[PDB]
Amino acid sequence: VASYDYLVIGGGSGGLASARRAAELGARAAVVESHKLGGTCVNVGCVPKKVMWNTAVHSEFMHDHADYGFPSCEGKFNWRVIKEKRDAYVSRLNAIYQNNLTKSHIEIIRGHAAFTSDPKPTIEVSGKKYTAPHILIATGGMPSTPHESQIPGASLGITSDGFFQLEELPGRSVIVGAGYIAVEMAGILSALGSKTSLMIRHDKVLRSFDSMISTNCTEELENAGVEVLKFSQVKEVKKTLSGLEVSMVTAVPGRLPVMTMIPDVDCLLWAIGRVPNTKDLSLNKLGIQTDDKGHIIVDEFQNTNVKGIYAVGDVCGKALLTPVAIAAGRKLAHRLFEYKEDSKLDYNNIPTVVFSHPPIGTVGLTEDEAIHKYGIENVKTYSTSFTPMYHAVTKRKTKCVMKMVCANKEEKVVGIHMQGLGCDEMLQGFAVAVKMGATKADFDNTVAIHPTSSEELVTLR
């Protein structure tokens, strides 16, 4: 059996980040990947999603062209064109990167890995055994789809994975879900020309976000032309002559249930959650702990319940973002190969951007979370809403809302929430300030940059 200092299962964001840092510290490592190196981020997540978002934004530009003094443009979008360019970009990334694994002298093991019953930490790929005193599980996850038994015909729908396989613009789309992936997909499809509906179980999207964001985002979706079907769930899906027929039940509180048949649907996209990839790792052979969802259980140092075995990224079910998987992986490498016992990722104040229209930026606690932690008596919030200057000459409008959540006497900034033009690139710097424990005084004592939307955050009344 081949022996290494570090074995990483999964060549995605978390695995590659941890493997490369370990190698820089001298560790002899190998990465096991059953599919495409790069994982979800480059192949069916972050990167291709952003390219499609940039495309959707270009559609918004086409619409304001006349208002800005130019002759109107046609508007016939060609999905095939961007699809081909997007695929080429992903190919370049996959190539330019594989080179990095080579430069780091990290061995790549192609195939599906599974733990062996060997008393010593050992895995098997294809038919060969590999071992090491340190083994990292970074297998990520996958999109969740309903069972045929629960919702007959569910298999007729696609997920975000299928979204990236599309070669043409669906004429009519129905997205099921209220999370950020559901919101991003609905926004992109609608902006590019698809007659889009977003089906949600309650009254608003992004219910885990601050109330202001949940409310505002739902309203902007409706203003953009996305039909938000509230308190609705899919009961059945059936193939028709034109496409698919979606049977929906709407149960609004205070009203009676009603069934609706949505016809002529070209694309039914399920965006109801993610499930971890742990089913076939033979975790039981070592007694590796997981929850009833399949997530690997870990402590603050990413240790599983078994010595010498760790886990990071989507597989653990906490803060499912690329930079998080990367940071957790690198912090672990320093702990194991630089012997920094205190090296770990701080999961507090992790910033996130949702690429909606306009984009959302948030970091820290929501107003409700702050109230629960410090007591309503010790929480003070500042907020504002305005129409960005960009829309001064356009008929089409979007608004910008910002909220600052402060705690205690010194009004420590414990949360920042916003949606509006430019919020995607505006958040990072404010996140650094929040991580530093900035107070509102720190914000107010920073001179504003005029004229921008960002200056509103340092001039809150």
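Rigid core: the largest C-alpha set superposing within 1.5 Å between the two forms. Start at 1 with the first residue shown and count on from there.
Could you check whether 266-274 or 68-76 drifts more from the shown form in 9 other deposited structures of this protein, using RMS Cα distance once the core is superposed?
If we average over structures and residues in 9 other deposited structures of this protein, the farther stretch is 68-76.
After fitting on the rigid core, which stretch moves more in 9 other deposited structures of this protein, 310-318 or 95-103, going by C-alpha RMS?
Looking at 95-103 and 310-318 in 9 other deposited structures of this protein, the bigger mover is 95-103.
Stretch with the higher entry mean CA B-factor, where the candidates are 38-46 and 420-428:
Mean C-alpha B-factor is greater for 38-46.
With respect to the recorded C-alpha B factors, which stretch has the higher mean value, 87-95 or 344-352?
Taking the mean C-alpha B-factor of 87-95 and of 344-352, the larger value falls to 87-95.
Quick one: which of 313, 375, 162, 225 has the biggest Cα B-factor according to the entry?
Of the options given, 375 has the highest CA B-factor in the PDB entry.
From 80, 129, 335, 202, which pick has the Cα B-factor that tops the rest in the entry?
It is 129.
Going by the entry, which third of its chain does the Cα temperature factor of residue 259 land in?
Residue 259: CA B-factor falls in the highest third of its chain.
Taking the entry's C-alpha B-factors for this chain, is residue 242 in the lowest, middle or highest third?
Within its chain, residue 242 is a highest-third residue by C-alpha B-factor, going by the deposited values.
Place residue 454 in the lowest, middle or highest third of its chain's C-alpha B-factors, as listed in the PDB entry.
Its C-alpha B-factor, which the entry lists for residue 454, ranks in the lowest third among residues of this chain.
Chain-wide C-alpha B factor ranking for residue 61, given as lowest, middle or highest third
CA B-factor rank for residue 61: highest third.
When the deposited Cα B-factors of this chain's modelled residues are ordered and cut into thirds, is residue 115 in the lowest, the middle or the highest one?
Its C-alpha B-factor, which the entry lists for residue 115, ranks in the highest third among residues of this chain.
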